[PDB]
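Inside the fold
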Amino acid sequence: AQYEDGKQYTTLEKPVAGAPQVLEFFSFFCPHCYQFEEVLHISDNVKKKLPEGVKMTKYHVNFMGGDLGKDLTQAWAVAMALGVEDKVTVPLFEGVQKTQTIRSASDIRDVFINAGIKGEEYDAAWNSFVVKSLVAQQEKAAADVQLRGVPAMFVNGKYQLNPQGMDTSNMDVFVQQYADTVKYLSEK
Ligand SMILES: Cc1nc(CCN(C)C(=O)Cc2ccc(Oc3ccc(C#N)c(C)c3)cc2)no1
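So, a few notes on the structure that sits alongside this text.

The subject of this paragraph is the site of the ligand. The local shell around the ligand consists of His-32, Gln-35, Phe-36, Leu-40, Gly-149, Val-150, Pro-151, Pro-163, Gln-164, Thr-168, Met-171 and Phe-174. For the ligand, a nitrogen atom lies 3.0 Å from a polar atom in the side chain of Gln-35. With respect to the ligand, the backbone of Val-150 contributes an N or O atom lying 3.2 Å from a nitrogen atom. Here the ligand, which alone exposes 660 Å², has 70% of that area covered by the protein. Looking at the shell around the ligand, the elements with two or more residues in it are α1 (31-39) and α8 (171-186). Broken down by element, the shell around the ligand gets its largest block of residues, three residues, from α1. Across the shell around the ligand, the residue classes tally to seven nonpolar, five polar and no charged.

Set out below in structure tokens:
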């Protein structure tokens, strides 16, 4: 077969019922997640190859970066609650991994302020039980797959992308192989 279990993807032995159709996990501490966002734009190219009848979900993980890792998962919840993912994703990556100016929750907050979210607005969201449940949603989804590594993408709670099984001599070719695989899996 052109697409094969163990090549472009693997099959979960305990599939997750009711999961999001297309679910990616990332960490702002994760070097490959940095590439996936700024250099490869994986999420955008996957969306361009799915129909407008499929929802895409992106969740942060706790297991990288200790205390600041958990702050960033809550900050991602704030970003999702306020709908400002596209405004804060790049400054958070660059602040953690490029300039290394994100060292505390206050520094994360500064990113949002500089991106234009009001201080009262950030703080009220940060402390809300709506954000508390968005944090719980991110944890529950990663725990359903005993997630131990990022970047990760899962399709219909049944299949996990296997980027190590694709060709990386060319960055655009890799991105389109990856996105075509998500499409094939979504249609499965
Ligand atoms: C099995 C399995 N374990 C995981 C997650 C583990 N974990 C920390 C990784 O790092 C895995 C990973 C992701 C992408 C990748 O391929 C790349 C990365 C960067 C660039 C760039 N620029 C290109 C072109 C391809 C290689 C490895 N997932 O599945």
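As a further point, take the pattern of salt bridges. The tally for this structure, following the rule as stated, stands at five salt bridges. A salt bridge links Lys-140 to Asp-144; the nearest nitrogen and oxygen atoms lie 3.6 Å apart. Here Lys-140 falls in the exposed class, since its relative accessible area comes to 52%.

Bringing the packing of aromatic side chains into the picture now. Applying the stated criterion across every chain, the model contains 16 aromatic pairs. Taking the centre distance of 4.3 Å and the plane angle of 10° together, the rings of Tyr-3 and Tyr-184 count as stacked. One end of the pair, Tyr-3, is in the segment before β1 (9-11); the other, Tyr-184, is in helix α8, and 181 residues separate them in sequence. Relative accessible area serves as the criterion here: at 27%, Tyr-3 is assigned to the partly exposed category. Geometrically, the ring pair formed by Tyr-122 and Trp-126 is stacked, given 5.9 Å between the ring centres and 25° between the ring planes. Pair noted here: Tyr-122 and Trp-126 are both in helix α6 (residues 119-126), with a separation of four residues, about one helical turn.

The next thing to look at is the packing of helix α3 (residues 66-82) against helix α5 (residues 105-115). Two quantities define a packed helix pair, namely the angle between the axes and the distance from one axis to the other. Following both chains from N to C, one finds α3 and α5 inclined at 25°, their axes separated by 10 Å at the closest point. In this view, α3 runs roughly parallel relative to α5, as classed from their interaxial angle. Crossing of α3 against α5: the hand is right-handed. Where α3 approaches α5, its residues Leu-68, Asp-71, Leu-72, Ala-75, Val-78 and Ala-79 are matched on the opposing element by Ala-105, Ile-108 and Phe-112.

For the rest of this paragraph, the subject is unusual backbone geometry. Where the residue is not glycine, phi is negative for most of them; where a peptide bond is considered, it is trans in most cases. The step from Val-150 to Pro-151 runs through a cis peptide bond, and the omega angle for that step is -5°. Among the structural elements, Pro-151 can be located in the loop between α7 (129-143) and β4 (152-155). Although it is not a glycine, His-41 adopts a positive phi angle of roughly 55°. Classification of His-41 by relative accessible area gives partly exposed; the value is 37%. Phi is positive for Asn-156, close to 60°, though the residue is something other than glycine.

The rules behind the values
Residues numbered from 1 in each chain as written, not as in the entry; some residues may be left out. Heavy atoms only, no water. Residues with missing side-chain atoms left out of burial classes, pairs and counts. Near = heavy atom within 4 Å. Polar contact = N/O pair within 3.5 Å; in protein donor to acceptor, adjacent residues only side chain to side chain. Areas by Shrake-Rupley, 256 points an atom, 1.4 Å probe, with all protein chains shown as cover. Helix = DSSP H or I, 4+ residues; strand = E, 2+ residues; numbered from the N terminus. Nonpolar A, V, L, I, M, F, W, Y, C, P; charged D, E, K, R; others polar. Salt bridge = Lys/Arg side-chain N within 4 Å of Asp/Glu carboxyl O. Buried < 20%, exposed > 50% of the residue type's maximum accessible area, 1.4 Å probe, protein only. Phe/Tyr/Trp six-rings, centres within 6.5 Å; stacked < 30°, edge-to-face > 60°. Axes fitted to C-alpha atoms, helices over the stretch in contact; angles between N-to-C directions. Parallel < 35°, antiparallel > 145°, perpendicular 65-115°, else oblique. Left-handed = near helix turned anticlockwise from the far one by under 90°. Contact = heavy atoms within 4.5 Å.

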